[PDB]
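1. Once you've seen the sequence and the experimental structure below, I've got questions.
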Amino acid sequence: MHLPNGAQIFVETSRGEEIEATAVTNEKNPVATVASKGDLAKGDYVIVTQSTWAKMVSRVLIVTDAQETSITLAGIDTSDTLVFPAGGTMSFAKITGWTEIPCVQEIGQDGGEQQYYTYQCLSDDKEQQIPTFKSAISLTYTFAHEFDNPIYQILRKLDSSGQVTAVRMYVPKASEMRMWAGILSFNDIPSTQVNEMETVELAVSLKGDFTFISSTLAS
Amino acid sequence: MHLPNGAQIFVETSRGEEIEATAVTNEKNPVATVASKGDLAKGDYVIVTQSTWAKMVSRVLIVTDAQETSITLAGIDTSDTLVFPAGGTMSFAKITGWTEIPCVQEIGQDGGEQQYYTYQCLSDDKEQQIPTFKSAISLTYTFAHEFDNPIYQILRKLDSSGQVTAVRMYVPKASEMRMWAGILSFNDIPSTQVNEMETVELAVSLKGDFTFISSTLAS
Amino acid sequence: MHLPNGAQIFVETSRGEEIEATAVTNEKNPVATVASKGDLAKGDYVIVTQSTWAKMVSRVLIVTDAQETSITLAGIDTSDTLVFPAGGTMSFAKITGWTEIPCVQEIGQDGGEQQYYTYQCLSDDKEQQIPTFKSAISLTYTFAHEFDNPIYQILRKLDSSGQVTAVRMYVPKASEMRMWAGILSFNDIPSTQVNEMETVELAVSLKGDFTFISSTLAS
Amino acid sequence: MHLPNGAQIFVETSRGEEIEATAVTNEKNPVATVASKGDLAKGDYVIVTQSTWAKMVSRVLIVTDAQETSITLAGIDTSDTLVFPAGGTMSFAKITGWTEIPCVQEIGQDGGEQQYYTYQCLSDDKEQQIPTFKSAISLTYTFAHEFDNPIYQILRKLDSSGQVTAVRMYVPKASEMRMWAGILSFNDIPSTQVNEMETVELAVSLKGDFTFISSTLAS
Amino acid sequence: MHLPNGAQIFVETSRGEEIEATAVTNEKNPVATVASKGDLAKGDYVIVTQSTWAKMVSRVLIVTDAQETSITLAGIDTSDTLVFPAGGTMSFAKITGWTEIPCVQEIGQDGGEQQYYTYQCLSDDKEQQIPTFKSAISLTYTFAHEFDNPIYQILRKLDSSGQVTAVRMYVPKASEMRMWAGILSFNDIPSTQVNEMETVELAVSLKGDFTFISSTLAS
Amino acid sequence: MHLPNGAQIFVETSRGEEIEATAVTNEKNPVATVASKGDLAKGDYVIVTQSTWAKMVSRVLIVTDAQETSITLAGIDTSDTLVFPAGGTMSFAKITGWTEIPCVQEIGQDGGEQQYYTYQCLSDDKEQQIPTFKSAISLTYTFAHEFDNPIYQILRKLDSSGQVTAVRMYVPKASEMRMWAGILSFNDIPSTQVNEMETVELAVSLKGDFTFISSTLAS
Amino acid sequence: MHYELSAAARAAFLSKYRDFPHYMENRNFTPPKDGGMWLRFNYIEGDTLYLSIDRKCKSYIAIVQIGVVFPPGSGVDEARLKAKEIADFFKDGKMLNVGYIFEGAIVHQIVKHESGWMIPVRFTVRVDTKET
Amino acid sequence: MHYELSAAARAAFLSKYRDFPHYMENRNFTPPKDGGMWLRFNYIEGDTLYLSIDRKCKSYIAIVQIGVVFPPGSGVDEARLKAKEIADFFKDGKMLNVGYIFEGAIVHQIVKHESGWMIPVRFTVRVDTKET
Amino acid sequence: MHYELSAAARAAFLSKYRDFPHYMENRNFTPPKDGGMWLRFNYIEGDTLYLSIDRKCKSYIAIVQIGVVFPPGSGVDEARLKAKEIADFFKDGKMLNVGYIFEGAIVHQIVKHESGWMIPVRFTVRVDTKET
Amino acid sequence: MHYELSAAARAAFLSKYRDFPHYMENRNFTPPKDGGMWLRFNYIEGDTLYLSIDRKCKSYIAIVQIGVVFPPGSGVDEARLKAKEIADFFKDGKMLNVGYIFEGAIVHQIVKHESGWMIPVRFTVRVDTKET
Amino acid sequence: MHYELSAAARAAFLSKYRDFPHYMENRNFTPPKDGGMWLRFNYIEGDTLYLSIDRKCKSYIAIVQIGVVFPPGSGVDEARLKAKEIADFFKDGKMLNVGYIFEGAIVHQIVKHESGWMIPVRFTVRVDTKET
């Protein structure tokens, strides 16, 4: 029960060395075994690049506990076992830094309308429909245009590469954190009109699922 | 002739063991024979899971009188015998608990526009049509988004399972109470916009028919 | 040149035993021969279920004069002979009662726009078009939702049976009386909104043609 | 350069015996030879039913001079000879009476948009089009509904017959007369609403071309 | 940088005897050799009916200097040589008179939107397009209807003939003066409504190109 | 974060002799070797007509340093080497002069919305989309119509030839400066209405991509 | 036809309330000596609508207002009861001898003055006419 | 062209009611000593419309208002009747010497003053012109 | 059905606040000698809506305003306490014995004076009826 | 609940500007003898919104007005600087102990008087509540 | 950032017209003895716009009004010439040392008073700020 004003946007800029996990258990808060400590620490995000489990791939997780061999990740529930067969191995990297877009004018989205399959049986008369797949979700952002902004080069090279990038969005009023990753696209044609600011647009597709983490737990 | 302000919403959360009924007679207020009384008492709702009577299946009924062998169900009329041939077997369960969604902003729906079959005969010149089946019905709800609320997991697991679930709507001004059951769909994409509340979406399909009973009689 | 304010609407509820007429002549006010008087009296409405003459089938008429053998029907003109060849026998019942809908919010209609057929000839240049059949007529009725209304059972049973029903409309201001028959369609899903009435839907198809008569003559 | 306020509409109701004309010449006011004077007099309209000349079929003309053998028609120009070859025979009737519609609310029309044929040649680049046939013309009229109006049967039988009927319209301000012939179509379902008049729709197609004459010359 | 109010429109009504030309040179202001002077003098418009050069067909030009053998034309530039090959011949007439339409309500036009061709190549990723031909041009005019207007007959017979005609426009504010030619179309069904003037519709297509000259030079 | 008011538009009118560059390296500011400087100097624009590198073709660049043999270009980044294989040769001309369109009213654009490829696999249920190519871009310009403006014939010949032309945009507030090239389209149909100015249309397609350089660097 | 509208409205109201103290237009009337309630009569002219295109079938709309006055310090419930009775008498669809009530029985908010209070009741009558 | 229209309308009204006491534009007139009804004459100027794009064909609109006054305490029926005959006489579509009645026979609401009451009757007239 | 609604509103408010000083319609009331807070009672007549086309089912809306007055120089939080308690007692959905509260517990801005301040609480009541 | 909003606003304002002379609601206050600038606290009440269909989640919106006054002829820049200090303190999104600032720090045009000038600054507080 | 915009506008204006007699806000000033023309300086606060969702980038709009006053009975052409010169100097796109002229050089209607006439000239200045 809150107003979404005051939110902020951040985007992934550089990722560390790939880290391989050999086995992870299933529970409310998953914990996995890692070959080495590496450079992991308290409260730094990770992106999973590929794994045996189909649902968990392309997801942003937050580290909970760190030890020499045990790493604890929260943000995903693994209580169910049939959907999460045992003996799965993880593979993820870490996000070294973050960058923040200048002040953003509006936020828009599209899709999400659930589809239905309509079937009529000759035995009955009333027609009944069943739910089906969901439409794709695309997040588009618009913000002030700047000639010398240093993030423009980052966005251009990210668009050229097409590599999957993590996006962070923080809400102060409700104190949640939204984690998701997708393909980024950028537009560099100014919206030129008369007697108002001119903008450029940025769109983010979706590759995984939204995960929400408490701000205090995150930091 | 009443205003629908002040209505309330409840959703099924847990059901008891399946109870098999051997035979039910046909009249204004049906009564059925049960092997064991079990945990049934006065004023508990039941969902019908499968029965020979095609129109009767996938419905929520309310108990009227309970005995060791006889259970009276009200809300459905079985006066007609051609649509309800005698010697039909009955099988149902009992709903244990309920949960109410936080305050609902708008309620939406679609369908019900009866289609027609239009035929033109060469003998005559005026064109006449015939009524035909009715379109599918879907119910859409809107309510405030909240992360810490518990029913989010219940809604996610109901969507994952796809199992039929009962819904209760209570209207105080008209003293009415509507029963129906269907498939659930939960949307977890907050609608972020400047200077108004952000909400989420819940959709309910339909598998049976609406039943209208007296709230005072039910409880 | 009259207002439709204060109009009232009635629907057929019960019909008497079928009455067969063996001989009827053609004139401004036709008179038919009946085997027995029956319960026919002054100013009681009749519905024709089937007859040799094609046009007047499925029509509502009003009696004018009653005798032990001769019955007078007014509302349709039978002066023409080519459309109404002699040796026609009638078959009609008597509407025993009527019921009226609670207060009706709005009345809408659709169809009736006459179609036209276009022929272009190579001999000339300007194109000319020819009238064709007219689209079907459907009438939709709206009235406030209720739970205890006893007419609901009649409406549902008529919808299930699919029998042709007579519909009557009375306009007090200009003192006419409209008559027609068709098939009924009923919806019992209330239109829930915030801070106004909630209503249900009733629709009537059309099988015959409108007949206009004076209420003073009717009663 | 005038206002069409106060205009009036009249429609043919009955035609006299067929009148045959043996020879007519071509000039600005055609003069024709008729076997007998008949009942023709000064200032009575005629409608042509069929003739050798293709252009002037289904046209309304006004008499200028009447003699025992020579009749004079005004309203159509016959100066040219290639389009109106000599040796043509006329066949027309005389309209006996006229009827006027009750007070008419709104007048509408549709059609007349000139179609074009677009051709592109590889020799050039700019595309040019050529004029072609026009769309058919329809005139729509609306007026207050009345049950006791004696012209309702006349309109019904005219619609049933489909016979081509002459229409006249009088404009007092411009002192002109527009006359034409076409097919009539009538609608008898009132447009019921709240707190305004309910009307019916009368539409007329076209079979010939418009004719304009002076009111002083006519009478 | 001017306002188009106060403009006037004239239309070709009659042309003189056809005049042949033997040879013309190419320059800024063309000069052509003619067999005879004819009736040509200063400041009279000419229309070319057919010529070797494809670009200049159906063009309206103005005479600049007249001699017994040499006629100078202004309005078309012939500096280019590859598009205007040498040894070109002319064939034009002289426009005798002009007529003006009564006071005109609205001036409208459509078409001219240049089309594009989009081709996508597998070697590249961005899509680029190439311009193509332009759509046709049609000009429409609306002016007050009048019974006794004599120019109606001229428009009627010009529409019947379908001959190519010139139209002229004079704008006083900018001292410019437009000339072009095309095919005509007239509509004689007024648009009657309540409490305003009534009009008819005139349309002209485009067969050539616009010519722009100084009005002072013209006269 | 700036206002585009006061911006200016220029279009290329004439180019010089073609100049060939034998080899150019890849870095932040590329440097190329040429046989002779030609007439190049500090801070003048160049257009590249054809080159080995696929994307740099049809681009507007600015020189940074000039020598007898070495030329330095800015506006395109050549930090990457896989997109710029070494040993490439350039071929570019020098724009001699520029023209300024009279004062322009509006500026509009269309396209740029990227397409998506939606794929659904039987293995999963949620649908995901991937980016695809971007739509073509067309710039539309509107400015006051002038009959004696000497830019008109230059625009006409450019449109007729179809030669690719450079377009220059200068924005004072942001100290930015835009460069691009495309095909020009001119519309010479004055949009005449009542009591406001009348304009013509100029449109520019796109074949390269936008380049931004600082105004102080430009001059 | 506008004279007959006022005539019929006066006829109906006067037949209903002959004996009650009442005031009509432009007649010198004095309030009752004891200060009891009295009725006020007014007539308001509405616009006339042109329906057809030939300007022959016309309509006339009129607004009729009845005011109930009462002394200060004597309560309001009897006045509200009287207004309710007036509204009950003036039902919608009632047929006057020359026209009919278009919509009626409306009670507006009380106007208050330091010398006495007044409650207005307003309704409308309509006549559709034909010319030849 | 606005002078001749006013002259013609004034001439028509004056020829109809020459004998009855009346008041014209900007001439000193004293009301009748007895206090009987007398008529008031007024003229209102309307806008002029440019119809075409060449600004040659135009139109002129005028509004005419007439008033009936009556002393207080004499009722309203005589005045309403008089207004009724005035409205009947000034019917729609009548042709004047230079122009014609665009829309006529309107009666508006009564303006009340403690010294005497007034009822207005208003209509409109029109002329169409083309200047070459 | 307008008299009953006012009677019911008066009954409810008065039964809740028998003892505390208050002022009602058209009754000569004097403020308390001490000058402490007292309540004001007002009734505002809203429009009446015709629901159907046959002119038989109707609704009545009314506005009830209660004003809390208090002396100058004594603060405002006591008045705000009284206001919140009034609003809490008059919640939405409460069913009066003739009608029901359409929408309740609205507090508007304080009107300020040099002799004594007043803060209003306004809500609305509704009754729906079917004439048979 | 509406009292808590005013209480929280008073707490924050009074804690920030204890020492500075200021005027509270409905308290007899005398200006400083030297005529130096003093603060004027004021409270404006807005509407209350019913969000849902069960009439259970509500919103309260209030307007808070702070006015600065300064003697004539002493300049205006220092008053502007003080108002900027106030606005910067009352920044957007601040979490009040009961509600929160919907939007703050808006300065409006100066009002001019011949005895002393005044600059108003205005913001709004909001509370969303769920009723159980 | 509103102090600096006013300071910049004042600095530019007085740098251009230091010598010519003028009046500026909230300072007691006497008109010239000989009755010649003099300048007036005014400052009007616009609105403050919140651009982004996070409320970090804002904009401030201000309106500057300069009036030229001249004695009655002395004509208008010299005043018009002076106003034209002022408008020509204060053209669009000029860059101040803090903000910039959004749009300028507008001349409005003459206000007439029997003691002396005035011609206004109005333009607007803008600042776009980003707080980190």
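-> Arrived safely. Numbering: from 1, shown residues only, chains lettered A, B, ... in the order given.
2. Please make it C-alpha for all contacts and neighbour counts, starting now.
-> Will do.
3. Break down chain G into its strands, ranges please.
-> Secondary structure of chain G (DSSP state E): strands located at G:22-23, G:38-45, G:57-70, G:100-107, G:117-130.
4. Point out the residues in chain G that sit beside chain I.
-> G:72-77, G:80-81, G:84, G:92, G:106-110 (Cα under 8 Å from any Cα of the partner chain).
5. same thing but at 6 Å, please
-> G:72, G:73, G:75, G:109 (Cα under 6 Å from any Cα of the partner chain).
6. The first one and residue G:114 touch, don't they?
-> No - in this structure, residue G:72 sits apart from residue G:114 without contact. The criterion is Cα atoms under 6 Å, and the distance is 7.4 Å.
7. With neighbour numbers in mind, choose between these two.
-> Ranked by neighbour count (other Cα atoms under 10 Å in any protein chain shown), residue G:72 and residue G:114 place residue G:72 first, with 18 against 7.
8. Can you tell me which of the strands of chain G is most buried?
-> strand G:100-107 (a mean of 21; mean count of other Cα atoms under 10 Å in any protein chain shown).
9. which residues touch that strand?
-> For strand G:100-107, contacts defined as Cα atoms under 6 Å, 6 or more residues apart in numbering or on different chains pick out G:87, G:90, G:92, G:93, G:94, G:121, G:122, G:123, G:124, G:125, G:126.
10. again with stretch A:62-71
-> A:31, A:32, A:33, A:34, A:37, A:43, A:45, A:72, A:73, A:74.
11. swap in stretch A:195-215?
-> Residues from elsewhere that reach stretch A:195-215 (Cα under 6 Å, 6+ apart): A:58-59, A:138-145, A:175-180, A:182-188, A:190-192, F:2-3.
12. picking that back up, just the closest of the contacts of stretch A:62-71 to residue D:169, please.
-> residue A:45 (84.5 Å; Cα to Cα).
13. Quick check on residue A:160: phi, psi?
-> Phi and psi for residue A:160, reported as degrees, to the nearest 10, are phi -60, psi -40.
14. Make JSON lines from the residues of chain G next to chain I and add distance to residue H:43 to it.
-> Shown next, in JSON lines, are these (distance: Cα to Cα, whole Å):
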{"residue": "G:72", "distance to residue H:43": "48"}
{"residue": "G:73", "distance to residue H:43": "51"}
{"residue": "G:75", "distance to residue H:43": "52"}
{"residue": "G:109", "distance to residue H:43": "40"}
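15. Which of those sits closest to chain C?
-> Using Cα to the nearest Cα, residue G:109 comes nearest to chain C of these, at 23.6 Å.
16. Hmm, the closest one is touching residue I:45, no?
-> Yes - Residue G:109 lies in contact with residue I:45 (Cα under 6 Å); the separation is 4.8 Å.
17. Buried members of the contacts of stretch A:195-215 into ChimeraX, please.
-> Only the buried members of the contacts of stretch A:195-215 enter the following ChimeraX selection, criterion being 16 or more other Cα atoms under 10 Å in any protein chain shown:
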select /A:58,59,138,139,140,141,142,143,144,145,176,177,178,179,180,182,183,184,185,186,187,191,192 /F:2,3
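18. Show only the entries of the contacts of stretch A:195-215 found in strands.
-> Under the assignment DSSP E, the contacts of stretch A:195-215 contribute A:138-144, A:176-180, A:182, A:184-186 to strands.
19. Tell me which two of those residues sit farthest apart.
-> Distance extremes for the ones in strands among the contacts of stretch A:195-215: the farthest pair is A:176 and A:186 at 26.7 Å, using Cα to Cα.
20. Chain neighbours aside, what residue packs nearest to residue 61?
-> In the absence of a named chain, chain A is used. residue A:46 (5.3 Å; Cα to Cα, 6 or more residues apart in numbering or on different chains).
21. think we crossed wires, I meant chain G
-> Nearest to residue G:61 is residue G:126, by Cα to Cα, 6+ apart, at 4.6 Å.
22. check contacts around the one you found.
-> Residue G:126 neighbours (Cα under 6 Å, 6+ apart): G:60, G:61, G:99, G:100, G:102.
23. Next up, identify which helix or strand residue A:200 is on.
-> Per DSSP states H and E: residue A:200 is located in strand A:199-204.
24. And residue G:37, how close does it get to residue G:119?
-> Distance, residue G:37 to residue G:119, using Cα to Cα, to the nearest Å: 11 Å.
25. same deal with residue A:188?
-> Distance from residue A:188 to residue G:119, by Cα to Cα: 69 Å.
26. would you turn the contacts of residue G:126 into a markdown table with distance to residue E:13?
-> Output for the contacts of residue G:126, formatted as a markdown table (distance: Cα to Cα, whole Å):
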| residue | distance to residue E:13 |
| --- | --- |
| G:60 | 55 |
| G:61 | 57 |
| G:99 | 62 |
| G:100 | 64 |
| G:102 | 62 |
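27. Any idea which residue of chain A lies closest to chain H?
-> Closest residue of chain A to chain H, Cα to the nearest Cα: residue A:194 (31.4 Å).
28. Grab the nearest non-local neighbour of that residue.
-> Spatial nearest neighbour of residue A:194, excluding adjacent residues (Cα to Cα, 6+ apart): residue F:5 at 6.4 Å.
29. For chain G, give the residue positioned nearest to chain J.
-> In chain G, the residue that lies nearest chain J is residue G:109 (23.9 Å; Cα to the nearest Cα).
30. what's the burial count for that residue?
-> As a burial measure, residue G:109 scores 14 neighbours (other Cα under 10 Å).
31. list the contacts for it?
-> Under the criterion of Cα under 6 Å, 6+ apart, the neighbours of residue G:109 are residue I:45.
32. one more time with 10 Å, if that's ok
-> G:118, G:119, G:120, G:121, I:43, I:44, I:45, I:46, I:47 (Cα atoms under 10 Å, 6 or more residues apart in numbering or on different chains).
33. and the helix or strand just after the strand holding residue A:200, which residues are buried?
-> With elements assigned by DSSP H and E, the helix or strand that comes after strand A:199-204 is strand A:211-214. By neighbour count with 16+ other Cα under 10 Å, strand A:211-214 contains the buried residues A:211, A:212, A:213.
34. Alpha carbons of stretch A:26-40, in PDB - could you do that?
-> In PDB, the C-alpha atoms belonging to stretch A:26-40 read as follows (Å, rounded to 0.1, in the frame of the first residue of the first chain):
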ATOM      1  CA  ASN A  26      16.200 -27.700  -2.100                       C
ATOM      2  CA  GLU A  27      14.500 -25.800   0.700                       C
ATOM      3  CA  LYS A  28      13.000 -22.400   1.500                       C
ATOM      4  CA  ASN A  29      16.500 -20.700   1.300                       C
ATOM      5  CA  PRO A  30      18.800 -22.700  -1.000                       C
ATOM      6  CA  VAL A  31      22.400 -23.300  -0.100                       C
ATOM      7  CA  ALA A  32      25.000 -24.700  -2.500                       C
ATOM      8  CA  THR A  33      28.600 -26.000  -2.300                       C
ATOM      9  CA  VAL A  34      31.300 -24.100  -4.200                       C
ATOM     10  CA  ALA A  35      34.800 -25.200  -5.100                       C
ATOM     11  CA  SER A  36      36.500 -22.100  -3.900                       C
ATOM     12  CA  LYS A  37      35.600 -18.900  -1.900                       C
ATOM     13  CA  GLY A  38      36.700 -16.600  -4.700                       C
ATOM     14  CA  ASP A  39      35.900 -12.900  -4.200                       C
ATOM     15  CA  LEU A  40      32.300 -13.400  -3.000                       C
END
